[PDB]
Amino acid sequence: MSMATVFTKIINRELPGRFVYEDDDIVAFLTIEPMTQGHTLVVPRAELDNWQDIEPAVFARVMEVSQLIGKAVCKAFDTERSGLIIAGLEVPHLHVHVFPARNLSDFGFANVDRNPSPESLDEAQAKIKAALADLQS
């Protein structure tokens, strides 16, 4: 089960995922390898890749939803700042990493939690959904 395989099964709902947001064009769900608790992936529903080469308006939409998720994770986990990363070296489907940021070491793929507890993910999901409801009202 490579990361790309699990990722595609989540977006296709063949494997369970912890979603926090969905649009006609964009979904967002918790990663199972979080850099910090609340680490969310913002994902176009269509298969896209190579962020810098994507149509500007399409990328703008993804980054705008990413802003909403960034506000939500800051509110949910009481942080002043949210980190944002685009890498794409593990999964060739565009996805924006958005997470509460506290330490410079939070930005780094080597330090991810490869085995987050189920309650920690449940709580991240519930807190982000609660913050989004506040922000979208």
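From 1 onward, residues are counted along the sequence shown.
- Averaged over Cα atoms, the B-factor as recorded in the entry is higher for 64 to 72 than for the other of 64 to 72 and 36 to 44.
- Of the two segments, 127 to 135 and 4 to 12, the one listed with the higher mean B-factor is 4 to 12 (C-alpha atoms only).
- Taking the deposited Cα B-factors for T31, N111, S82, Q52, the highest one is held by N111.
- In the PDB entry, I86 places in the lowest third of its chain by CA B-factor.
- Split the chain's modelled residues into thirds by C-alpha temperature factor. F99 is in the lowest one.
- For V27, the recorded CA B-factor ranks within the lowest third of the chain. Only modelled residues enter the ranking.
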